[PDB]
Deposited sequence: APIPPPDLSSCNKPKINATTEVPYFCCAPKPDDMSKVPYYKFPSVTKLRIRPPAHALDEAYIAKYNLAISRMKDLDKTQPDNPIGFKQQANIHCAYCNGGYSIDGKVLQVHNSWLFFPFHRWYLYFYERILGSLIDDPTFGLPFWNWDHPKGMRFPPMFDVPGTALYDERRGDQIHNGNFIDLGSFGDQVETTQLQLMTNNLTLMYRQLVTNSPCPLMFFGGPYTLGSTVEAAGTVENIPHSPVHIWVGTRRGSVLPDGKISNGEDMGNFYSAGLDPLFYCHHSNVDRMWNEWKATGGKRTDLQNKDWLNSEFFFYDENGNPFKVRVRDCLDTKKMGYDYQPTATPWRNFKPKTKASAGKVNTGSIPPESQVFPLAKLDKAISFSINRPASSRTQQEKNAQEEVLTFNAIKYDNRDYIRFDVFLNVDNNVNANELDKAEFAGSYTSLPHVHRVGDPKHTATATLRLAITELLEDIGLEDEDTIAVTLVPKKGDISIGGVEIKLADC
């Protein structure tokens, strides 16, 4: 090969990635100009690596997904993508905006992307994105079944569960290192539902005609053909920064195999380079940062319980009697034993208590979603996620996958810390789902 490693150029001012909503019209104007000139290369220089289609093919070429390589790959991906945009308009400080879908003011479709006849527009998008509707951060392809207020409440609860509760340590945030999918918190939710919510409905008839397969954002191979793809991933990249902001155990993976993993990218001059994961840990050392923006989901630890008291775990079947579960056709409840109870804080400091669902199997072309609750029964209202019992959710953009949930916070809030056995309830929302086994392990 002999391709050199990337040399960081000299860094003048920091590039500032701003929120996509209510951006000034002059910013939108040159963002459209950069994209327009990127798309022109599809015609004038189809094999130029910086052109629109060739950049889209980076996602459609790159096992980088459902692994701990998810965040660093897309950071480097967007790093060169942002540099290409700035260089096409002679703007060396151009910042790639981020779709602020974790903030109530950024949860609508960003207006700048919905202007037909502009370079940022894409007709291959779904219909539920208009009419001033809020995004559904737990979308599985259907229309929202709740009020917009409950939708907002669920969105912010999902953010809290995904950025705080279920990502207390690096491996659960970034993902894991076979066909078993080991996605982290964010790559599952809200990353996957945003793709689903923006894309066309699978089975629908596309522009002209083809049966849509979810193009553009809702299908993995064509997602890069929507300019909004990069704006979404800008906020995904921002989630990495916001996750580390509170310190403690939420730091970068220190494993040498992860740090020294390499990717391949062409820079804005069309020159090939190898890049290391260890060299993208600090965005400011790559020449960019995010505009400081409030994160109100940090305050959405649920304050109420769905059900008072404790479930009688003797009236429900044990995990050993339910799994392997051939089909999660409806809500089911089961008891499960904990490795230890009455844990001290020094034990919690060492090992997280993790509820793990093993061998989630389904057809990778179907929309999949199920929710997990502790200490409820089969009649739990799964539309109300702002409850102390809501643990998390699994979704999918035959596949085999794993879901891991950090439950120490819930055990404290619900009052189950001295219990050796607890109740778990699975609520399916979409798809044909089988589950091989469920366990509570004390992890890293």
Exercise. What are the unmodelled segments when the structure is compared with the full deposited sequence, in sequence order?
Worked result: 1 to 34, 97 to 108, 224 to 227, 448 to 458, 506
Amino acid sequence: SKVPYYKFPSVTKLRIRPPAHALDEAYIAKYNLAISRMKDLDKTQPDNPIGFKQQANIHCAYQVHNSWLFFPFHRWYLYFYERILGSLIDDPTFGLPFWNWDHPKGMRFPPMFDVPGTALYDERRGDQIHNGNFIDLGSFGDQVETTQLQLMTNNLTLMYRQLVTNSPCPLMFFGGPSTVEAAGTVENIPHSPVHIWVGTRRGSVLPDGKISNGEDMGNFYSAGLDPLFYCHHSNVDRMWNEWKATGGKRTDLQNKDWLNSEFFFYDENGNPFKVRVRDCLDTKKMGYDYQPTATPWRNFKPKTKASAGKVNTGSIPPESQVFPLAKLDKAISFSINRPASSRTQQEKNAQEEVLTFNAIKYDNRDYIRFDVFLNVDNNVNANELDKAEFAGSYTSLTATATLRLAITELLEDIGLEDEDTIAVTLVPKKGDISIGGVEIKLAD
From here on, numbers count along this sequence of modelled residues.
Problem set entry | Stretch with the greater mean C-alpha B-factor as recorded in the entry, comparing 82 to 90 against 302 to 310 | 302 to 310
Exercise. Which is higher on average in the deposited entry, the C-alpha temperature factors of 133 to 141 or of 208 to 216?
Worked result: 208 to 216
Problem set entry | Which of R202, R125, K330, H232 ranks first by CA B-factor in the deposited coordinates | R202
Seminar exercise, completed: In this crystal structure's PDB entry, the residue among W297, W99, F174, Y221 with the greatest CA B factor is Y221
Problem set entry | Chain-wide C-alpha B factor ranking for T118, given as lowest, middle or highest third | lowest
Exercise. How does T398 rank on Cα B-factor within its chain, lowest, middle or highest third?
Worked result: highest
Problem set entry | B-factor third for the C-alpha atom of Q148 within its chain | middle
Exercise. Compared with the other modelled residues in the chain, in which third is the CA B-factor of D371?
Worked result: lowest
Exercise. Compared with the other modelled residues in the chain, in which third is the CA B-factor of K43?
Worked result: highest
